[PDB]
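Colleague: Quick one: the structure is below, questions incoming.
None of the figures in this text is laboratory data; all of them are computed from the coordinates on show. Cβ atoms come from the backbone with ideal geometry, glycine included; neighbour counts cover every protein chain shown.
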Amino acid sequence: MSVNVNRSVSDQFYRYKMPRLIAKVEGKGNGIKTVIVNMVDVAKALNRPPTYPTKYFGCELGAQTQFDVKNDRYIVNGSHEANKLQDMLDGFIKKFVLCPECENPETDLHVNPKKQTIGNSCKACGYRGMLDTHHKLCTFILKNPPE
RNA sequence: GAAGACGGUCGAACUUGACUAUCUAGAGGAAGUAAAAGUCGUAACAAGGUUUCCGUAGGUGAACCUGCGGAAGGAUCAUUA
């Protein structure tokens with residue numbers, strides 16, 4: 001299987017396409033993990049560091065997240081099988097990088113970590129601005145600027 | 001001595017701009033209370049495993065942590081030339 005990057009658009013010819021995101025449920029009750037297997041390839045296909053899309057699930061779900069250089073596992077704590085992610089797999093696009101003028105997420109970020117500001121720019125119609133101040137992930141991005 | 005006309009004086013109503021009082025519709029946003037077999041933790045109650053609480057300022061998935069100055073409603077009404 002393969003998919004469009006976002007499911008709010010039903011078009012077969014939509015500009016954005018990517019591999020599936022698949023995960024393992026591991027352990028037993030009071031200590032369950034969900035580990036995301038494709039995360040480095042999905043982060044490469046979306047042109048972002050793999051910390052940002054992993055951190056967004058913990059911000060929405062109300063859950064802990066882990067990262068590890070010794071084992072390369074990316075983890076969201078608790079059981080999040082099937083619909084518990086797959087109803088909202090669009091979200092890292094749908095709550096950040098859709099343009100309000102047109103539904104075309106051909107979109108870039110630049111971080112000014114010395115001055116508490118994240119700049120945003122979409123190629124599709126020239127839309128520019130910043131990320132939202134009520135939204136969760138802004139406090140993580142300013143402490144973790146892009147490569 | 002009839003119709004009619006100039007001038008005053010009451011003053012309904014009409015046009016135009018502004019102010020204002022009630023009721024009423026709405027993209028989208030952000031909160032509160034019912035219900036008690038959803039999810040991730042374990043902040044408070046026994047020294048609750050870092051005593052707790054107040055004012056103010058900074059910081060984070062969340063409960064919350066840290067700096068400065070107070071309170072006991074404390075876990076001491078007491079410590080010896």
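Colleague: Could you give the size of the charge dipole of chain A about its Cα centre, using +1 on the Cβ of each K and R and -1 on the Cβ of each D and E, expressed in debye and rounded to the nearest 20?
Modeller: Roughly 360 debye, rounded to the nearest 20.
Colleague: Rg(Cα) of chain A divided by 2.2 N^0.38 Å?
Modeller: In units of the globular-protein estimate, chain A measures up at 1.08.
Colleague: Top mean-square fluctuation among A:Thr107, A:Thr54, A:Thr133, Gaussian network model of chain A, C-alpha springs under 10 Å?
Modeller: Answer for the Gaussian network model of chain A: A:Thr133.
Colleague: Let me ask another. Which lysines, on any chain, are close to A:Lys94 with Cα under 29 Å apart, when same-chain ones fewer than 8 places away are left out?
Modeller: A:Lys17, A:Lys24, A:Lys33, A:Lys44, A:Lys55, A:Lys84, A:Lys114, A:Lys115, A:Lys123, A:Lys136, A:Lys143
Colleague: Working from Cα positions, state the angle (0 to 90°, nearest 10) between the long axis of helix A:51-61 and the longest principal axis of chain A.
Modeller: The angle comes out near 70 degrees.
Colleague: Between the stretch A:94-122 and the stretch A:9-28, what's the alpha-carbon centroid distance in Å?
Modeller: For the stretch A:94-122 versus the stretch A:9-28, the Cα centre distance is 22 Å.
Colleague: Then there's this: As a test of the formula, what do you get for chain A when each DSSP H run with n ≥ 4 contributes -39,500 (n - 2.57) and the sum is divided by the residue count, at 222 nm and rounded to the nearest 500 deg cm²/dmol?
Modeller: -4500 deg cm²/dmol
Colleague: Peptides A:37-43, A:79-85: what's the order by average Cβ count within 10 Å, highest mean first?
Modeller: A:37-43, A:79-85
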